[PDB]
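>>> Kindly generate the corresponding structure for this input.
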Amino acid sequence: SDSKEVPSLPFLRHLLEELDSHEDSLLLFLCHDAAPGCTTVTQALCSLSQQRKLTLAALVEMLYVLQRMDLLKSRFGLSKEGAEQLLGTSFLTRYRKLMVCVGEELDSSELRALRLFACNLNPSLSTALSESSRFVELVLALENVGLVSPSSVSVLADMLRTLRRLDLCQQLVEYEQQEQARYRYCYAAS
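Residues are numbered from 1 along each chain as shown. Next up is the structure itself:
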């Protein structure tokens, strides 16, 4: 359409550069529902570009989530005060953005406690989880055994309430409200 919904290709390659190895597998997740299968961040993007989903805004979010105001100004000029002005207009679920925005508050010790935890209520997970895998991954692994999803975060919730991070435990139910709310009360009588 315009220059506010379709990014370039040469600069993407130059953007996908300042983003470390963490922000990559992390970014890939944020879009695992649209580019099913893809690996390299590029892999994912290559498929989004074509599908016509890889919009500029949608992109602005992916960045907005990896929390890089720096890259948000030095490339998009928009500050934190001008990026929140286009969220949701993407293919990024309220959910994905959470798990990420959570796999950030967890540290190496708590994160490895969760690993060795998942590997208990199901020993079929210690075959897709080495204690060097990011949170964002352990989430997807739980997603296959059917332990999480945008509709059943509990298993996880009190998995965190276990690690005593009520905050996350809460912040993961504060979602459980909103989502479990509108998406049933709004798409309700109308």
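
>>> count of residues packed around residue 55?
By the criterion of other CB atoms under 10 Å, residue 55 has 19 neighbours. Yep, even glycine has a C-beta here, placed from its N, CA and C like the rest.

>>> Can you give me the distance of it to residue 152?
According to CB to CB, to the nearest Å, residue 55 and residue 152 sit 30 Å apart.

>>> And stretch 165-176, what's buried?
165, 168-169, 171-172, 175-176 (16 or more other CB atoms under 10 Å).

>>> Tell me the one among those nearest to residue 87.
Ranked by distance to residue 87 (CB to CB), these are led by residue 175 at 14.7 Å.

>>> Excluding chain neighbours, what is closest to the closest one?
Leaving aside its sequence neighbours, residue 175 sits nearest to residue 98 (CB to CB, 6 or more residues apart in numbering; 5.4 Å).

>>> Spell out the secondary structure type for the one you found.
Three-state assignment for residue 98 (DSSP: H, G, I helix; E, B strand; the rest coil): helix.

>>> hey, where'd the helices end up in this structure?
With helices called from DSSP state H, the chain shows them at 10-18, 22-29, 41-51, 56-65, 69-73, 80-83, 94-102, 108-118, 135-145, 154-160, 166-171, 174-185.

>>> Out of those, which one sits most buried?
Ranked by mean neighbour count, those are led by helix 56-65 with a mean of 22 (mean count of other CB atoms under 10 Å).

>>> From the chain's centroid, how far away is that helix?
In terms of CA atoms, centre = their mean, to the nearest Å, the centre of helix 56-65 is set 11 Å apart from its chain centre.

>>> angle of that helix against helix 10-18?
Angle between the axes of helix 56-65 and helix 10-18 is 10 degrees (criterion: axes from the mean of the first three to the mean of the last three CA atoms, to 10 degrees).

>>> how does this protein divide into domains?
1-89, 90-190 (curated CATH domains).

>>> Contacts for stretch 12-20, please.
With contacts defined as CB atoms under 8 Å, 6 or more residues apart in numbering, stretch 12-20 is touched by 24, 27, 41-42, 45, 66, 68, 71, 75.

>>> Could you identify the most distant pair in the buried residues of stretch 165-176?
165 and 176 (15.8 Å).

>>> In JSON lines, list the contacts of stretch 12-20 along with distance to residue 131.
Below are the contacts of stretch 12-20 laid out as JSON lines (distance: CB to CB, whole Å):
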{"residue": "24", "distance to residue 131": "20"}
{"residue": "27", "distance to residue 131": "22"}
{"residue": "41", "distance to residue 131": "24"}
{"residue": "42", "distance to residue 131": "27"}
{"residue": "45", "distance to residue 131": "29"}
{"residue": "66", "distance to residue 131": "23"}
{"residue": "68", "distance to residue 131": "27"}
{"residue": "71", "distance to residue 131": "30"}
{"residue": "75", "distance to residue 131": "35"}
